[PDB]
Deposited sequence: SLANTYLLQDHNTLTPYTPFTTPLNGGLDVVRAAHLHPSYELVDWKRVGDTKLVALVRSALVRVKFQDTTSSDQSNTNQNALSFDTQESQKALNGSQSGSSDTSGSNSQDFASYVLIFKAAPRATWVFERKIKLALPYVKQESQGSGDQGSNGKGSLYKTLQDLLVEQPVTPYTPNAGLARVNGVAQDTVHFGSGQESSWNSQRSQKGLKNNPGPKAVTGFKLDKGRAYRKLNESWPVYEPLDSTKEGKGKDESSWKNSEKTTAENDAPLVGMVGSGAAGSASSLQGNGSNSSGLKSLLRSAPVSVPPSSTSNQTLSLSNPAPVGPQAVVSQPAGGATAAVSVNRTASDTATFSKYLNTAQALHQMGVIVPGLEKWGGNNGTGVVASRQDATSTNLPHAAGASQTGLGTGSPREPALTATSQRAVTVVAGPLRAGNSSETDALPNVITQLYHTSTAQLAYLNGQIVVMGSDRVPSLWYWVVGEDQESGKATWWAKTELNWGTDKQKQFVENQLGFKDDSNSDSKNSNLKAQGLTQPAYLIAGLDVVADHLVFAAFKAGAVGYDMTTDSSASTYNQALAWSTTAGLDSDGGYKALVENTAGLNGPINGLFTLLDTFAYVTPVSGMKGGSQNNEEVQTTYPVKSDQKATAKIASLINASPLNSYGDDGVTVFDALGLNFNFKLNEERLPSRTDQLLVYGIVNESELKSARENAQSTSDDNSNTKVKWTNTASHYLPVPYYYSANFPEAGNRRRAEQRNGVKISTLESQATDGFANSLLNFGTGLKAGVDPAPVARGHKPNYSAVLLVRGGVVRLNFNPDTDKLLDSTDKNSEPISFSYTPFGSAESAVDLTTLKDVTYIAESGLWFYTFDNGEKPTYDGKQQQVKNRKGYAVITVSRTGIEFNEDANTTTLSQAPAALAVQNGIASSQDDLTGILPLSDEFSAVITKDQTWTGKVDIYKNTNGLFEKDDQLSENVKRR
């Protein structure tokens, strides 16, 4: 219509635009309308129906604190003292703002909702069963992955082999003769890696420790890992001297600088939503991990009939999400370590949980604080998005790597100073079909994969798995957690989390093969063998009752219900590796390849070709003709590294669209690799996602300005000016297209294309989809803001309309 207005953001302002391409007023400054502090930033907003507008705001002054040596007191709190200290040179919590429509365009503020810290029960032998508190006390979170992190930066030294673990050094000879009784019966991999060393490399910090701005170029050579003591005492200076910020003897405004040991990524971190004091627009250390965790956690929202869901960023792992009511004043976050998801099958759930840490009935140690031991599920996610459709919430995220680590004081120990993680790729001998493949026992309870020299060829997966061991081939192929039998009651395994969807950073081929999807069986109609811990995509459909249950849980003050979990049944997991061709080694349009030797040819806005990232989840109802009295079809689409994924749902059941067949690949998931041109689009710069109800199309708008100011080698970023638009469109046979279209053999897919709306010249304001044929690109750069350029769609391909753009341009 003409009456319809398109809203567009610019920092904290939301300006209404008409189809004449002109704005109705100077917009709504969400912060100043809410009577909020000037250090506030608007992070997400949604125009609920015709008269409501919900928004999300956060502050870089927020300061969080965790206590580790009274009654119903929470161990997690806001530190208003530090929040005040930052101001020079209340709690500044995040808020959900509700607005009501008024005369002309304009909005009127209606209320504010505080997103309070999640609850955790504090213990004290000087004041007054699974403990999330113990976990947190020894929880080591990785320093965030930047777009400037090279492949060798991820490359951590491999851990010890499992034959050394169970037999000791010098007694490995007796593997085959004693595997049967040591719980490794028919296990063919004695040389299987237990994990990776935490002695050096990229930073791993405790909940009250801080991540540094500097990062290793190669974690086999430099970095200090979890060793905060050594960094602070000697390596801090080395790092500072190697990678100082722009202005060496000229920073004061409030063997010298080689960049061969570290990369200074202060600029990249800032944009990721990480608080970097000094780089504030609205040397000194960064705020503690728990603070950045709260700040980066309040990034995305949705609205479902008086209920606001708030999830975290797609760039930093999130441990908690809010389910606040429109009526409430505040509201605590719900722990992900307490939100149990259906991973498709019990075995798929097991794979993940089993790697969370060490649990045995002989062990009752407090120092053994890992999530598995505290009976807690998967803690962290890299949330791609959430969207509301047909009175249901849909979401997608990449499961972040959450492993166990050895806390032992004993420096002569096998698993001393290392993280415990192993490959979970299905055996070469796996039975055929999807169900058969995901439920394969290879690496379920412990390591099994490594280099196997099958004839005149190599294989990084086990050639014997499941119920195929022994001479007769009917025996069990066994697997066990890397902790020696006699060392079980004494074991001190804490919990560790990576800022990526991988479990092991072990500098080997097996990891590279798991992350790139290169493990395949030797069948005629060759099937790819999947991982059940590395590069996993979690997605699903939740209802109001599941969300209420997630809210009630968060408001609980631990008590007797302290070990009660949230069960989201209509979710699923899917192995989503990065394209192998993104690396220069294996493009398909020496002594083996390890993480550190893996050269990248990725153009998608990352210095690596090892880690997967997911962004812009958007639902959308198919405008196609409806079947014989059936509900209209709807799907969700998202952009991952290398292609578009489409999540399909049964409208009738309001559940994930299933086929009732175990062998066939799931019809609720589809992945289509996109072309060379769309692989050239920087995915970290996604400004907006938009679905056109009438054309059944998704429009992903990317803005170059969202790129950092300087790279790791402290040089100004190129192509900062410009924008690019991608169109996603439905493809294939649709659920109930005709009468006999009962159950579909294939899954309905999507197609990502750079439709032609692109520039590398001006600063984008936004794109107003005028009609199915014409769209205007509104650009600033010039004095006043508003250049306007009309683009016409020709068979799905945009071309600038010289005539029309020249027309609208005269004031």
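**Student:** Could you please spell out the deposited residue ranges that have no C-alpha entry in the coordinates?
**Tutor:** According to the record, the gaps fall at 70-75, 96-108, 148-153, 280-348, 377-439, 747-754.
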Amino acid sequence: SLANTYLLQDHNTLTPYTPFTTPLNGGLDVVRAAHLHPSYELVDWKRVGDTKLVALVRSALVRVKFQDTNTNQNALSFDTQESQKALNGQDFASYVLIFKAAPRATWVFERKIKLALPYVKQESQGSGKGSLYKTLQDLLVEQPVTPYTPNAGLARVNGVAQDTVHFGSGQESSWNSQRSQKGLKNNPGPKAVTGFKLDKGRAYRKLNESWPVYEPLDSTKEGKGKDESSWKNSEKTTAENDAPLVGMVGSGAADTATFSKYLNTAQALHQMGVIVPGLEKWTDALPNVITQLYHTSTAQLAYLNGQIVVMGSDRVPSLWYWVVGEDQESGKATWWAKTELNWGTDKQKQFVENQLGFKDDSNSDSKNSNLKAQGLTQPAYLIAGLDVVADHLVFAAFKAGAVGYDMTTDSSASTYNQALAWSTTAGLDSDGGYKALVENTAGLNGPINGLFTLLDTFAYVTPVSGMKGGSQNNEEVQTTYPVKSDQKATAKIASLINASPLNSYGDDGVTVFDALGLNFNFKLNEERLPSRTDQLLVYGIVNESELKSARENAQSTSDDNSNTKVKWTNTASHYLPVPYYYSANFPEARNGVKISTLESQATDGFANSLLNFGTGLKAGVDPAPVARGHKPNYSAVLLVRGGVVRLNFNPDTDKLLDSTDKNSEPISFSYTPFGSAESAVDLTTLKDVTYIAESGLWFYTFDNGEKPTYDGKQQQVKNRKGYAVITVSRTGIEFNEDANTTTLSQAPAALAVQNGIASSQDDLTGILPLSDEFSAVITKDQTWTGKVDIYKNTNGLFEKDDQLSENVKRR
From here on, numbers count along this sequence of modelled residues.
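**Student:** So which stretch wins on mean C-alpha B-factor, 594-602 or 636-644?
**Tutor:** Comparing 594-602 with 636-644, the higher mean C-alpha B-factor belongs to 594-602.
**Student:** Between 138-146 and 551-559, which has the larger average Cα B-factor in the PDB entry?
**Tutor:** Mean C-alpha B-factor is greater for 551-559.
**Student:** According to the Cα B-factor stored in this entry, which of the following is highest: 82, 314, 439, 534?
**Tutor:** In the PDB entry, the greatest C-alpha B-factor among 82, 314, 439, 534 is found at 82.
**Student:** Given 255, 340, 678, 694, identify the residue with the highest C-alpha B factor in the PDB entry.
**Tutor:** Out of 255, 340, 678, 694, the record gives the largest C-alpha B-factor to 255.
**Student:** Comparing residue 710 with the other modelled residues of its chain, is its CA B-factor in the lowest, middle or highest third?
**Tutor:** It belongs to the highest third of the chain when residues are ordered by C-alpha B-factor.
**Student:** Lowest, middle or highest third of the chain for the C-alpha temperature factor of residue 41?
**Tutor:** CA B-factor rank for residue 41: lowest third.
**Student:** Test of reading the entry: by CA B factor among the chain's modelled residues, which third contains residue 92?
**Tutor:** Highest third of the chain for residue 92's C-alpha B-factor.
**Student:** Quick check on the deposited entry: does the C-alpha B-factor of residue 732 sit in the lowest, middle or highest third of its chain?
**Tutor:** According to the entry, residue 732 has a C-alpha B-factor in the chain's middle third.
**Student:** Splitting the chain's C-alpha B-factors into thirds, which one does residue 353 fall into?
**Tutor:** It falls in the bottom third of the chain.
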